[PDB]
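Engineer: Below is a structure I'd like to ask you about.
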Amino acid sequence: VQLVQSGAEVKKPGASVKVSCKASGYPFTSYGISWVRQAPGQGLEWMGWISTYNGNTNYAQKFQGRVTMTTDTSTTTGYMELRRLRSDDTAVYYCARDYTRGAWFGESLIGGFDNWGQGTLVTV
Amino acid sequence: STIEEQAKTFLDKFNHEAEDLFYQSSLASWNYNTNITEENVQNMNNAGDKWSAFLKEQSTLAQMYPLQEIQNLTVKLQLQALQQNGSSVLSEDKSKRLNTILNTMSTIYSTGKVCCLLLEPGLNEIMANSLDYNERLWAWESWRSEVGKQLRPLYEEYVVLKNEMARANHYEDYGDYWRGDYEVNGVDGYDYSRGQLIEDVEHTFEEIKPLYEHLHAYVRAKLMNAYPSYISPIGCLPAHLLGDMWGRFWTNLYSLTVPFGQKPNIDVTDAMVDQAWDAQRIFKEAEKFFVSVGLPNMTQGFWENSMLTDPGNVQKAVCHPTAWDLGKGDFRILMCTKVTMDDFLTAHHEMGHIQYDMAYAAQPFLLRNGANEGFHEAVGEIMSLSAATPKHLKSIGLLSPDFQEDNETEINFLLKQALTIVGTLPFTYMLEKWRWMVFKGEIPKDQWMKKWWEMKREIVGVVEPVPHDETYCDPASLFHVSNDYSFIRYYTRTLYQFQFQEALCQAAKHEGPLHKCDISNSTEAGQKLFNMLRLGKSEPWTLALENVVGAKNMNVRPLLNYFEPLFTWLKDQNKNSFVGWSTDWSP
Amino acid sequence: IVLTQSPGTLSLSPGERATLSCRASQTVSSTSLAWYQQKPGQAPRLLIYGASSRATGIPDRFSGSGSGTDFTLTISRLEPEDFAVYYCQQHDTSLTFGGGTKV
Amino acid sequence: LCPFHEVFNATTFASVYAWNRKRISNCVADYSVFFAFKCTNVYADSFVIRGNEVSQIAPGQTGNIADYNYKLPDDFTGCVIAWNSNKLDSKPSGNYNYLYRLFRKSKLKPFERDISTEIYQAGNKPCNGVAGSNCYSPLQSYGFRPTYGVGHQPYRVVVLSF
Ligand SMILES: *[C@@H]1O[C@H](CO[C@@H]2O[C@@H](C)[C@@H](O)[C@@H](O)[C@@H]2O)[C@@H](O)[C@H](O)[C@H]1NC(C)=O
Ligand SMILES: *[C@@H]1O[C@H](CO)[C@@H](O)[C@H](O)[C@H]1NC(C)=O
Ligand SMILES: *[C@@H]1O[C@H](CO)[C@@H](O)[C@H](O)[C@H]1NC(C)=O
Ligand SMILES: *[C@@H]1O[C@H](CO)[C@@H](O)[C@H](O)[C@H]1NC(C)=O
Ligand SMILES: *[C@@H]1O[C@H](CO)[C@@H](O)[C@H](O)[C@H]1NC(C)=O
Ligand SMILES: *[C@@H]1O[C@H](CO)[C@@H](O)[C@H](O)[C@H]1NC(C)=O
């Protein structure tokens, strides 16, 4: 299993950024996709989770109203869009395959984030 | 709609909750005993009080389900067990006074001292190993005075208040209350009146006595070498010279009466040490023994939750050997073993108690006990008789494979056993007989000590080292008398111990003397015993006994057979001495 | 909910035993706790899930355990390759990470 | 592919008195992946019971679970999967959120479920909902603890009914 993300981008405050995540090596619709942000010198901050089957989402409140997640099954690729970027949103954005919530039933599972991408650097 | 059906619903609920509140209490007690702290005491006391409450509330509720409306014994005996009022029949003033007296008498004994030394390890050490007439006598006449004179005025009340309690529960007196545990009714052909135990105990005692008379005469003749100026050849033995404070057992005198002192006894302590044994090995070997007869090893968590070794000097703990059952499949043994024969044999004993508690674990909460107050120590004691057998020790590699057991070895073995097992029966019998008379009210308060000494100097053949009057209450100087215990269980145990051993090892097809009749590598003997272990109290002890022994009562022939090779030997040793004693002789 | 880890900087010599602790502000189920390891310049990887189950491919020198509000990670022998940043995670409620500690 | 892993590896299982019935459909159904194991919709009934009660999850059986909680029909086709979950569902203080109905007016029909809490009247006189003499609540709680014996430890059971 591997995830392939996009390269670095530079944005200005108020702008939006779209980060892709191409997934392979597993059944796409059997596992969800999560996003985790890591600002320089900081730890990991959860942004949200999206189902690849139902399309159901679960976003961290702090990122509610700013983050929209979607998936494209036919290209087995996930996408995230972060709107109204602030100067404090400079960070590396990681894509991960989760085993923390079911993609079909939506209930919590025993596991964690199994496959992480490279991390996409967004400067603002 | 009827009482019996309502009783069933009530009991189903009484167990599915009394199981948990118990577990909590027992576990807290465990945690304290293995780790003595102030915090553990508070947790122990809190869980304890909660358990005691639940029982009081449930016992009261149970009173609305009269037994006259119940026909099923499974319900009747299970429910009856939960309808006993006990001390609750007394008014508040009498309940408080009785509890005050009981706690006071317990304290006086426990903190009693001669000053400056305490009973333990003080007076007991003197009585156990000091071979000096005058020093031993001082220890005796001191304990009897220092403690006996404190627990007399309280004991006069305890007797009266206890009878009032029992009478309000429809008993004649507290005597009937105690031995009500032996009562069997509602069963055709197995009925056993609580008033019958007296007749059966007296009967069995007289049959055994002839063995005691020869053992007594033998011991007396031999002690005269140590006490040539104190013991009369036709008289009673002085109480203070019996190897203990009360003379309950005739051990600690084995150094005074040795059949063949030129021969060594069986001792594998050195073998265990040389072979690098430890606590784990000792319990591991005991497990294999039980398995060899078809019993199910030790539970999966046994080896993880038990404390088989001394925890260290980091925390204070109790190392007194005991088997625990906390409920809900949680079985443990609490013991601090070392590499020695005493712990080797004890490990089998304590595991014998676990093998029982695992058998009746399927019983309803109130039925999870031994069929009687003897079917627990007996079902554990017969394990030590087997483990100690020299052919077992050879088989497990502790005795040399070429080791020979001759007739001199056999006599040394049997006598050591007789001093513990036979020489104790007249004491248990005599004490309970006295207590029963004093509760019934056959003996006036001012006449009891007179009757104590007179019945000892006729049943046991001992004597008053000095004249104790009425300000005294010697019988209260003993743990079981002052702490409200029934002592008869020590008589109605030994007799069962031999019945089971003989019946089971015969099933194992043993050919030879009973004292060599081991039960090992015999699944026939194993299953035979199991059949009465799984029953608990669900059936009459009379039936539980029939299932293995075939007897419905305390037949003592098995005991007499065990010591037969010693009895005949003693007869040929007493051929030139007096057998029996004169009650008119005094120190 | 908050997760706190300590010591912040557990820098120990190689070949020695190393332990990290994680404490929760509230009780969490053992079914929803995990540990992560992040090498310098690298994306983090799952080390342990379900409190004590090793993630596939993870060496047996890594052993997690714990319950309630007190969980730990033990490294039986600290290798040259184990000098990374460790994080504790919970998803008993929402999903959060601890601050992280450096070995 | 079917969400089988979402049934077996879930963080929490339901009570036996209120078992969770998950329907599996419109998927491949790969069955390629314990305490016990014996054998066009498939239903996965997920619940937690006591170890020594596992034997009641079978056709022809009776008992507190078979009669008053989860009745499995004698004419049953499917597999019963059980495993020990002592490390997950037990607490030192007692994990008392798992409940079962000790008593009921009548025994259950196959796959019948009743989650009412109506006071059970054992006697003939009414208690008006009060759990007093001869009235008892109909859902007690298992006090699961990590130190219980095997037969008293919690087991997670998934029944696959075809
Ligand atoms: C339950 O989970 C077991 C372990 O899963 C493994 O670790 C998790 C975190 C993921 O990375 C997963 O892809 C790995 O296989 C599985 O072995 C087991 O099959 C699962 N049970 C079912 C019914 O799927
Ligand atoms: C013994 O009890 C003390 C006080 O509660 C506690 O701190 C200590 O950890 C306990 N030791 C063990 C082995 O439980
Ligand atoms: C007594 O009740 C038990 C159930 O607790 C039952 O198994 C037994 O058969 C009943 N006894 C009789 C004689 O029906
Ligand atoms: C127990 O005490 C209760 C309440 O005083 C009384 O109703 C009942 O008859 C007593 N039963 C016995 C066996 O003494
Ligand atoms: C006891 O356990 C041993 C393994 O330690 C096994 O070989 C033996 O068959 C078991 N016996 C019983 C009675 O379960
Ligand atoms: C029991 O049988 C085993 C062989 O399985 C043997 O090694 C052992 O010595 C026997 N023990 C006794 C007391 O006969």
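So the protein sequences, as listed, match chains H, X, Y and B.
For the first sequence, position 114 matches number 114 in the working numbering, and the numbering has no gaps at all.
For the second sequence, position 161 matches number 1161 in the working numbering, and the numbering has no gaps at all.
For the third sequence, position 98 matches number 2098 in the working numbering, and the numbering has no gaps at all.
For the fourth sequence, position 86 matches number 3086 in the working numbering, and the numbering has no gaps at all.
The beta carbon of each residue, even a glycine, is placed where N, CA and C say it ideally should be.
Pop quiz: residue 3004 of chain B and residue 3084 of chain B are said to be a contact at Cβ under 8 Å. What is the actual Cβ separation, rounded to whole angstroms?
Structural biologist: By 1-based counting over the fourth sequence, the position of residue 3004 of chain B is 4. By 1-based counting over the fourth sequence, the position of residue 3084 of chain B is 84. Actually they do not touch by this definition, with Cβ atoms about 20 Å apart.
Engineer: When every heavy atom of ligand 6 is checked, does at least one fall within less than 7 Å of the C-beta of residue 1392 of chain X?
Structural biologist: Translated into positions along the second sequence, residue 1392 of chain X becomes position 392. Yes, the beta carbon of residue 1392 of chain X sits closer than 7 Å to at least one heavy atom of ligand 6.
Engineer: Can the beta-carbon of residue 1054 of chain X be found closer than 8 Å to that of residue 1021 of chain X?
Structural biologist: The sequence position of residue 1054 of chain X within the second sequence is 54, counting from 1. The sequence position of residue 1021 of chain X within the second sequence is 21, counting from 1. Closer than 8 Å, so yes.
Engineer: Can you tell me the Cα-Cα spacing of residue 1395 of chain X and residue 1126 of chain X, whole angstroms?
Structural biologist: Position 395 of the second sequence, counted from the start, is the residue given in the question as residue 1395 of chain X. Position 126 of the second sequence, counted from the start, is the residue given in the question as residue 1126 of chain X. Approximately 39 Å between the Cα atoms of the pair.
Engineer: Return the chain-ordered list of same chain residues with a C-beta closer than 8 Å to the C-beta of residue 1243 of chain X, the five sequence neighbours on each side being excluded.
Structural biologist: On the second sequence, position 243 is the one that residue 1243 of chain X refers to. Here the set comprises 1127, 1128, 1249, 1250, 1251, 1252 and 1253.
Engineer: Would you say residue 3077 of chain B touches ligand 2, meaning its beta carbon is less than 7 Å from a heavy atom?
Structural biologist: The count along the fourth sequence starts at 1 and reaches residue 3077 of chain B at position 77. Residue 3077 of chain B Cβ: outside cutoff for every heavy atom of ligand 2.
Engineer: Would the beta-carbon of residue 1407 of chain X be found less than 7 Å away from any heavy atom of ligand 6?
Structural biologist: Counted from its first residue, the second sequence places residue 1407 of chain X at position 407. No, Cβ of residue 1407 of chain X sits at least 7 Å from all heavy atoms of ligand 6.
Engineer: Closest to residue 1308 of chain X by CA distance: which of X/1350, X/1294 and X/1276 is it?
Structural biologist: As a first step, residue 1308 of chain X must be located in the second sequence, where it is residue number 308. When each option's Cα is compared against that of residue 1308 of chain X, the closest is X/1350.
Engineer: Excluding the 5 residues preceding and the 5 following residue 1591 of chain X in the sequence, name in chain order all residues of the same chain whose CB lies nearer than 8 Å to its CB.
Structural biologist: The structure shown has nothing for residue 1591 of chain X, since chain X only spans 1001 to 1587.
Engineer: For ligand 1, I want to know if residue 2091 of chain Y counts as a neighbour, meaning its beta carbon is within less than 7 Å of at least one of the ligand's heavy atoms.
Structural biologist: As a working note, residue 2091 of chain Y is residue 91 in the third sequence. No, Cβ of residue 2091 of chain Y sits at least 7 Å from all heavy atoms of ligand 1.
Engineer: Are at least three pairs of beta-carbons, each pair with one atom in the segment 1434-1453 of chain X and one in the segment 1465-1485 of chain X, less than 8 Å apart?
Structural biologist: Because the criterion of three Cβ pairs below 8 Å is met, the segment 1434-1453 of chain X and the segment 1465-1485 of chain X touch.
Engineer: Using 10 angstroms around the beta-carbon of residue 1362 of chain X, count the other beta-carbons present and answer buried if the total reaches 16, otherwise exposed.
Structural biologist: Taking the second sequence and counting its residues from 1, one reaches residue 1362 of chain X at position 362. Residue 1362 of chain X comes out exposed.
Engineer: Tell me whether residue 69 of chain H sits in a helix, a strand or coil according to DSSP, three-state version.
Structural biologist: Taking the first residue of the first sequence as position 1, residue 69 of chain H is located at position 69. If DSSP states are grouped into helix, strand and coil, residue 69 of chain H belongs with the strands.
Engineer: To which residues of the same chain is residue 3099 of chain B closer than 6 Å at the C-beta, ignoring the five residues directly before and after it?
Structural biologist: The count along the fourth sequence starts at 1 and reaches residue 3099 of chain B at position 99. Closer than 6 Å at the Cβ level, and outside the excluded window around residue 3099 of chain B, lie 3015, 3017, 3139 and 3141.
Engineer: How is the alpha helix (DSSP H) around residue 1430 of chain X delimited, first residue to last?
Structural biologist: Your numbering for residue 1430 of chain X matches position 430 in the second sequence. 1425-1440 is the span of the alpha helix (DSSP H), which, as asked, contains residue 1430 of chain X.
Engineer: Spatial neighbours of residue 1405 of chain X within its chain, please: C-beta separation below 6 Å, excluding the five flanking residues on both sides.
Structural biologist: Numbered from its first residue, the second sequence carries residue 1405 of chain X at position 405. Contacts found: 1390.
Engineer: Quick check: the Cα distance between residue 1469 of chain X and residue 1235 of chain X, rounded to an integer number of angstroms?
Structural biologist: Here the question's residue 1469 of chain X lines up with position 469 in the second sequence. Here the question's residue 1235 of chain X lines up with position 235 in the second sequence. Those two C-alpha atoms are separated by around 22 Å.
Engineer: Terminal residues of the continuous alpha helix (DSSP H) containing residue 3045 of chain B?
Structural biologist: Counted from its first residue, the fourth sequence places residue 3045 of chain B at position 45. Unbroken run through residue 3045 of chain B is the beta strand (DSSP E), 3042-3050; no alpha helix (DSSP H).
Engineer: Run the CB neighbour count on residue 1540 of chain X, radius 10 Å, all protein chains shown included, and call it buried at 16 or more, exposed below.
Structural biologist: Taking the second sequence and counting its residues from 1, the one referred to as residue 1540 of chain X is at position 540. Classification for residue 1540 of chain X: buried.
Engineer: Is the CB of residue 113 of chain H under 8 Å away from at least one CB in chain B?
Structural biologist: Here residue 113 of chain H is taken as the residue at index 113 of the first sequence, counted from 1. No, residue 113 of chain H does not count as interfacial toward chain B.
Engineer: Could you pull out every unbroken beta strand (DSSP E) segment of at least 3 residues lying fully inside the segment 3067-3120 of chain B, listed in chain order?
Structural biologist: Runs found: 3078-3084 and 3095-3100.
Engineer: At a threshold of 7 Å, does residue 3169 of chain B count as lining ligand 1 (C-beta to nearest heavy atom)?
Structural biologist: Past the edges of chain B, shown from 3001 to 3162, lies residue 3169 of chain B, and the structure says nothing about it.
Engineer: Which first and last residues belong to the alpha helix (DSSP H) in which residue 2026 of chain Y is found?
Structural biologist: As a working note, residue 2026 of chain Y is residue 26 in the third sequence. No alpha helix (DSSP H) contains residue 2026 of chain Y, which DSSP labels as neither H nor E.
Engineer: Secondary structure at residue 3131 of chain B, three-state DSSP: helix, strand or coil?
Structural biologist: Numbered from 1 along the fourth sequence, position 131 holds the residue referred to as residue 3131 of chain B. Coil.
Engineer: Hey, how far is the Cα of residue 1447 of chain X from the Cα of residue 1100 of chain X?
Structural biologist: Translated into the one-based positions of the second sequence, residue 1447 of chain X becomes position 447. Translated into the one-based positions of the second sequence, residue 1100 of chain X becomes position 100. Going from the Cα of residue 1447 of chain X to the Cα of residue 1100 of chain X covers about 26 Å.
Engineer: With H, G and I counted as helix, E and B as strand and the rest as coil, what does DSSP make of residue 1463 of chain X?
Structural biologist: Reading the second sequence from its first residue, position 463 is the one you call residue 1463 of chain X. The answer is strand: DSSP assigns residue 1463 of chain X an E or B state.
Engineer: Rounded to the nearest angstrom, how far is the Cβ of residue 3135 of chain B from that of residue 3155 of chain B, given a contact under 8 Å?
Structural biologist: Here residue 3135 of chain B corresponds to residue number 135 of the fourth sequence, with the count starting at 1. Here residue 3155 of chain B corresponds to residue number 155 of the fourth sequence, with the count starting at 1. Residue 3135 of chain B to residue 3155 of chain B, Cβ: 32 Å. No contact.
Engineer: Regarding residue 1412 of chain X and ligand 5, is the C-beta to nearest heavy atom distance less than 7 Å?
Structural biologist: Here residue 1412 of chain X is taken as the residue at index 412 of the second sequence, counted from 1. Not so, every heavy atom of ligand 5 lies at least 7 Å from the Cβ.
Engineer: Taking the DSSP output, what are the residues bridged to residue 1325 of chain X?
Structural biologist: Translated into positions along the second sequence, residue 1325 of chain X becomes position 325. X/1331.
Engineer: Measure the beta-carbon distance from residue 20 of chain H to residue 79 of chain H and round it to whole angstroms, keeping in mind my assumption that it falls under 8 Å.
Structural biologist: Taking the first residue of the first sequence as 1, we reach residue 20 of chain H at position 20. Taking the first residue of the first sequence as 1, we reach residue 79 of chain H at position 79. The Cβ separation is near 6 Å, so the contact holds.
Engineer: Step through the CB atoms of chain B and report whether any lies within less than 8 Å of the CB of residue 78 of chain H.
Structural biologist: Position 78 of the first sequence, counted from the start, is the residue given in the question as residue 78 of chain H. Not one chain B Cβ lies under 8 Å of residue 78 of chain H.
Engineer: Under 8 Å, Cβ to Cβ, is there at least one residue of chain B near residue 2031 of chain Y?
Structural biologist: One-based indexing of the third sequence puts residue 2031 of chain Y at position 31. It does; some Cβ of chain B falls within 8 Å.
Engineer: Could you list the residues in the segment 1287-1315 of chain X with a C-beta less than 8 Å from some C-beta on chain D, going in chain order?
Structural biologist: This model lacks chain D altogether, as its protein chains are H, X, Y and B.
Engineer: For ligand 4, is there any heavy atom lying closer than 7 Å to the beta carbon of residue 1168 of chain X?
Structural biologist: Numbered from its first residue, the second sequence carries residue 1168 of chain X at position 168. Indeed, a heavy atom of ligand 4 lies less than 7 Å from the Cβ.
Engineer: Excluding the 5 residues flanking residue 1167 of chain X on each side, which residues of the same chain have their C-beta closer than 8 Å to its C-beta?
Structural biologist: What you label residue 1167 of chain X is simply residue 167 of the second sequence in a count that begins at 1. 1173.
Engineer: Say the cut is 7 Å; is the CB of residue 1291 of chain X nearer than that to a heavy atom of ligand 1?
Structural biologist: Looking up residue 1291 of chain X in the second sequence gives position 291. No - ligand 1 has no heavy atom lying nearer than 7 Å to the Cβ of residue 1291 of chain X.
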